[PDB]
Structures are given as C-alpha cells and as structure tokens.
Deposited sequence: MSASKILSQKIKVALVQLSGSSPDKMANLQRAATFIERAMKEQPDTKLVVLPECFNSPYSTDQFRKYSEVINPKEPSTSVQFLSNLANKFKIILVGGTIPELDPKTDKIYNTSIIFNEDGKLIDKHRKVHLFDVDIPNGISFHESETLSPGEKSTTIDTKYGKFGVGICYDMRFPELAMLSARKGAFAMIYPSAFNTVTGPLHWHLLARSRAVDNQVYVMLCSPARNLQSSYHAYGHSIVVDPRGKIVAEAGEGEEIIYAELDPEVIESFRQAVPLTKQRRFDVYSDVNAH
C-alpha cells in the first residue's frame, strides 16, 4: 500500500502521436512538441511513452532505409534526441520503438529504447515475436525488464503481447507494469486489443499500458489507436480514441496491493 513493487504513486502519459512520416526530423520534432504538452498538462509526470516505429514510415521496405539509428555508448540522431528529452524533463522515456541496424551482424531490428531521468539509455528491447514482416527484420532474444527508482516494469512490442510468457516473466520478477508500444490495425484491433491489454493485467495483476500510433487513413497501415492503461483488476483507467492525442493515468501502489490481497498470486507451482 506504499512502496513494494511500486515505490510511490507515479503519473504517466501515453503519447498517441501521428508521426511516421517520410521526414524523420519532422517526426522527432513532433514527438518533442507533444511531450512538451504532456509535461505542461501534467507537470508531475514521471513516465512517458511514445508509440511503435514513431520516427519513420511503418513499412518493411523502408525499415532498412530509416534504420539509420544504431544504439551504443556514442549517441545517434534518434538516440540523442530522445536522450535530451529524457533529462530535460524528470521523466523516464520509453522511446517506443525505432528501426535499428546492428553495425556488426548488419541485421535490422525493431527496438524500443528506454531512457532514465538523466538521459541515460538504460535498456532496450528488440521485438522477440514477429511474410516480409519477418523477411526484413530479425528477432530479439532477451526479455526486457527495466529497473527504475520506483520499481521495475516490462517492455514488449506489438506482436509480443500475444505471448503471456513475456508478461509473466517481467511481472513475477517484480514489475508493476508491462508496457507495450504497439500498432494494431482497424481489423486486428477491434478483435484483440482490449482483451490482451486487460488479460495481461489481470493475469499478472500488474498495470498494462499500450501506446498506439494515431490512426492515419492516409497511409498503407491504418493503426487502431486506442492507447490504453488498464489497472491490476482489468479496469481501463485511461484510453485514447483513433485520433492523435495524449492520455494520462496514475499508477497507485495501493490499487495493485488491494487487488493482490483480494486475488492471491500464490500458485501451486507443482505444474
């Protein structure tokens, strides 16, 4: 009911940006503009999320072309931009996926870069579960559970929410939330989006945040939208529509606890 899995009540902001235009600079600039609005509307924000592949076009034949960013010690155009937004504001910023290129293996991935309040690139998550959709990108192999001064939280990408292992894993390690930068479409969205979000939250009794891009009917891909935050019991506490917008929530440690007391997580591990 106060600091265990979540140290304090932290307010968050999901940014359902309509970026992904051919102009990367304009995309980052817009992601900057909208995070300024998030911080102005809710100054006590501590965690901010951007949607999947926000800095470039959401298309397999462009990934290579825009993977331009690589992540290491020495920054990158996108790694630097988000890094500077990270510490300019208190916030822990989940960069929400960008095309990645590995200098060595020459493979290109879809990774979510996570920063801390000082701007340091904490961890990163290469999309594990992912025809071209697999003929252009390579898969990740690590489960991502970032450590933070408030507690730990898992991060998965799009297709990754369809596999409960990723959640159970980060959740049982102590995570107070599983965050997923994803982009379902007008067909797959109405069918499984709400379900999975609420399913991963009640099964692991953690918070779940889904950050989708704004539905752009002018592109090849029509994002579903509906970025949401659901609480430990299945309740949707925040939710966007299809358009471009910012939603806000507050993760309470008493809510998680209150409902963990109710429905115990003591499983008969003999199976």
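K.L.:
Would you mind checking the deposited sequence against the model and listing the stretches with no C-alpha coordinates?
P.N.:
Unobserved in coordinates, per deposited numbering: 1, 132 to 141, 283 to 291.
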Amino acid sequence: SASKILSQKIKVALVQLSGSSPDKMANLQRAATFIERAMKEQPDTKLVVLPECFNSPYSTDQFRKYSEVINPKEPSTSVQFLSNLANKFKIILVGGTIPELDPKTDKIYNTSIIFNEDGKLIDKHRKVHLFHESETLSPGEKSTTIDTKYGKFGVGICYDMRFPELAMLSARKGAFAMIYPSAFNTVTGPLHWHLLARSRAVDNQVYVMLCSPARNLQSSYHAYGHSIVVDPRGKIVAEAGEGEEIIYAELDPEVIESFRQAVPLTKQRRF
From here on, numbers count along this sequence of modelled residues.
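K.L.:
Determine, for stretches 113 to 121 and 195 to 203, which one has the higher mean CA B-factor as deposited.
P.N.:
The stretch with the larger mean CA B-factor is 113 to 121.
K.L.:
Could you settle it for me: does 234 to 242 or 52 to 60 have the higher average Cα B factor in the PDB entry?
P.N.:
The stretch with the larger average C-alpha B-factor is 52 to 60.
K.L.:
Sorting by Cα B-factor within the chain, modelled residues only, which third would residue 81 end up in: lowest, middle or highest?
P.N.:
Tercile = middle for this residue's CA B-factor.
K.L.:
Can you work out whether the C-alpha temperature factor of residue 184 puts it in the lowest, middle or highest third of the chain?
P.N.:
Tercile = lowest for this residue's CA B-factor.
K.L.:
Relative to the other modelled residues of the same chain, rank the CA B-factor of residue 156 and answer lowest, middle or highest third.
P.N.:
Its C-alpha B-factor belongs to the middle third of this chain's values.
K.L.:
Among the chain's modelled residues, which third holds the C-alpha B-factor of residue 67?
P.N.:
Highest third, going by the recorded CA B-factors of the chain.
K.L.:
Please say which third, lowest, middle or highest, residue 164 falls into when its CA temperature factor is compared across its chain.
P.N.:
Middle third, going by the recorded CA B-factors of the chain.
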